[PDB]
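Here you get one chain, nothing else, as structure tokens; it is the form deposited in one PDB entry.
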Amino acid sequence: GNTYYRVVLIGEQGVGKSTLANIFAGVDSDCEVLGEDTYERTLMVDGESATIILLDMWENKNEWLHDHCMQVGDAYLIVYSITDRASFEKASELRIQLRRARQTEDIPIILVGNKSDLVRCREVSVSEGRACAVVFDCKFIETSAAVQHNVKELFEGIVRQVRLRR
């Protein structure tokens, strides 16, 4: 409870949420019995221990699970694919949706452009991701979950952001 961070992955189908979540996990004694699509890992960030509870239960078709995700997170990773415009536009919709669900809280958010390895398929530019993050007042990163590029920096980044709002 200060050492602990509940982090929620949201985004359109096929953007890479589950692939991100799997890289994050892999290998004790947190109080929480993990359910559905929940992962726990304890991380060292800036010389301080961080227990992350990661939720990856956002699907596009349990309808209440959307409202659940939007309510329980301390922090959010709003994921789109650089090779998919509509997922990028969806990300803005989800950010607005999240802001309405949490009107009075300063929620740490990272906007994540996944699939950066798919160079010839890029449809969304780095500048667009950046400009969008500026409009949203959140952070931005591009990852490739397939090759584990910037995935470490991402989860360090989100812990770093939630600590700044204390």
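Under this definition, the rigid core comprises the largest set of C-alpha atoms superposing within 1.5 Å between the forms. Residue positions are given as counts along the sequence shown, with the first one as 1. Residues that one form lacks are left out of the comparison.
Omitted from view is the form deposited in another entry, to which the following refers.
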Give the option from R122, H68, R130, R41 whose C-alpha shifts by 2 Å or more between the shown form and the other one; the alignment is on the rigid core. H68
Do you see a C-alpha shift of 2 Å or more at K139 between the shown form and the other one, with the core held fixed? no
Kindly indicate if, in the other entry, the C-alpha atoms of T104 and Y76 are closer or farther apart than in the structure shown, bearing in mind the change is 3 Å or more. closer
Mind checking the CA-CA distance of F140 and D67 in the other entry? It differs by 3 Å or more from this form, so is it closer or farther? farther
After superposing on the rigid core, the runs of 3 or more consecutive residues whose C-alphas all shift by 2 Å or more between the shown form and the other one are 28 to 30, 62 to 69, 101 to 105
